[PDB]
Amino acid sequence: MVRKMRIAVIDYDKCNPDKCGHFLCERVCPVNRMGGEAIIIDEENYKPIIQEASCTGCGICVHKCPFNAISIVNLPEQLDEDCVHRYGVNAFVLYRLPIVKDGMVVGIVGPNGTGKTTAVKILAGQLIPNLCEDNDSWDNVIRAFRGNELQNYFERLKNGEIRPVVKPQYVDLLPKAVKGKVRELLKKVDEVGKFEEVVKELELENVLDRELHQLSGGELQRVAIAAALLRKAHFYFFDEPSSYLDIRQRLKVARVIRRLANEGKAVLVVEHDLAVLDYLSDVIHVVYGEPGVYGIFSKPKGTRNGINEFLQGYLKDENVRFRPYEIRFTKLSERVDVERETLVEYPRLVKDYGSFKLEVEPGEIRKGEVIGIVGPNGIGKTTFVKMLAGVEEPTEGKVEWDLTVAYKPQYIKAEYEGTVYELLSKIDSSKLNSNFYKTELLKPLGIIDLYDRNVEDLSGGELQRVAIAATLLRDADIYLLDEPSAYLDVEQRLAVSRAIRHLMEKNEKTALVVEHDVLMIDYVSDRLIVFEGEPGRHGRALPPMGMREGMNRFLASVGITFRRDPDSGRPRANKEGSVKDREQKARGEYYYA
């Protein structure tokens, strides 16, 4: 059997006809070479256009583009009949839609730029799908979904019977849309009368009297989650609630949100934190395809199965492989019995800012291991790191080591006039040419597609990746990475976990990683360091302990339990009040393996 459509997307924001000669496309294009119209010139808006009706998909134009403003993919005809929406000529297109279920939480996972948020505005009524045509009505939509269980949802959606509530992705815009303090907005938006329950569970008591613009990311995020739970509806759609929330906060909100399913409401959530997704979700959808080009929603899957196939990069039913390599967690019985040596040691430390005090318990750092640091923000994790980096003088104690350090800072504000390739090549040009470094670092994080860009012109997520890659291309005795997962989609977090683990493993080096993402911590860690106390007041970093003893100490502070997926080896979360959640807690066993 066979069947195949060609799909061309050109990121115009990257095209510049005057720099590549005269539309390098039509020139290099074989079809145009033999009097054909694969690539046509829009001599007005001055852009090139690929008439997919021609394009053999040979991909010559793609390789040639001096930047990379062209993508040509060969897909099977069949999806053409499940096309849901396309943003225009050579623009991004989405296939299929996720299913919403009364009384449950349907999770959604996949890399950004594959229509996760596109699916949300559509099911919420904000965007009427154009069926990859010129459609502008709901009736044509209802017809297209005849036979699907969504056909009815949409009939109702058009009638005005149901109207979903939405926690928007971009919370950093809320301030510049509303005015006043937090108490006011939450009063108005309230419709179920629970100003107290909500504001309390989300620990908003303080912020209440402050103003929108005086809020941080975490706070802003939380105020959004809040206004959403205060709404009296039936459909709730949360887009990326994990953002800006620390290890503790993000896990506590899933529990708050998931309870909506209990009240018999239909919940939908997009997530990049697998542990948060697992705990939340009853059903799950994977979205695969190339970012910015096209996206396809898989059939609904059981949280467990769905999440494992995800790690493998192969969706059995759909029968697709969206990632060359898999990502498997090492069982436990697979681990290696090793007596490591001490690399360096640190005495009791104390940093006192006057308004906030941190105390560090004495500890040993071993050569070749990886210690993950976890704890709520405002507790002293970064302060700690800066003392080992030496960029911070202790109030008491003293870290005088004779070692080289590679430090990937938490808040990086790119200020370097140059390109990514310039910056990296100046660190270690040879490694950039290494088949090992290109395979484990450079390609996985996508620093090749970034070489040409200027460091100052990079986005939060890109800058994160380049910093991480910069840090890891250096030769040091110890590596310090302060919160790598920030601004990274699900796929990027995984690539970085595998990278950090592989590179440290290969060159036999030691590293310390602060993280709020449970799966990354579990993946890269050999040991753990937990912080407790009163955020913003005092914090105490415990001594390095085993993973089990560690996760046990931290998790009890949140009230969540984890098992071990027999197959994947990944940490599997227990839903609030499950038989296992009960047994495990009764024995104070929050983490297995």
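Numbers for residues come from their place in the sequence shown, where the first is 1.
**Request:** Could you check the entry and say whether 339-347 or 285-293 has the higher mean CA B-factor?
**Result:** 339-347 has the higher mean C-alpha B-factor.
**Prompt:** Comparing 474-482 with 309-317, which has the greater mean CA B-factor as deposited?
**Reply:** Comparing 474-482 with 309-317, the higher mean C-alpha B-factor belongs to 309-317.
**545, 558, 38, 524, ranked by C-alpha B-factor: the highest one** = In this record, 38 carries the highest C-alpha B-factor of the candidates.
**Prompt:** Out of 180, 110, 354, 409, which one has a C-alpha B factor higher than all the others in the entry?
**Reply:** It is 180.
**Asked** Going by the entry, which third of its chain does the Cα temperature factor of residue 27 land in?
**Response** Highest third - that is where residue 27 ends up once the chain's C-alpha B-factors are sorted.
**residue 554 by Cα B-factor - lowest, middle or highest third of the modelled chain** = Answer is lowest: the recorded C-alpha B-factor places it there.
**Request:** Place residue 386 in the lowest, middle or highest third of its chain's C-alpha B-factors, as listed in the PDB entry.
**Result:** Lowest third - that is where residue 386 ends up once the chain's C-alpha B-factors are sorted.
**Prompt:** Lowest, middle or highest third of the chain for the C-alpha temperature factor of residue 46?
**Reply:** CA B-factor rank for residue 46: highest third.
**Prompt:** Can you tell me which third, lowest, middle or highest, the CA B-factor of residue 170 falls into for its chain?
**Reply:** Middle third by C-alpha B-factor.
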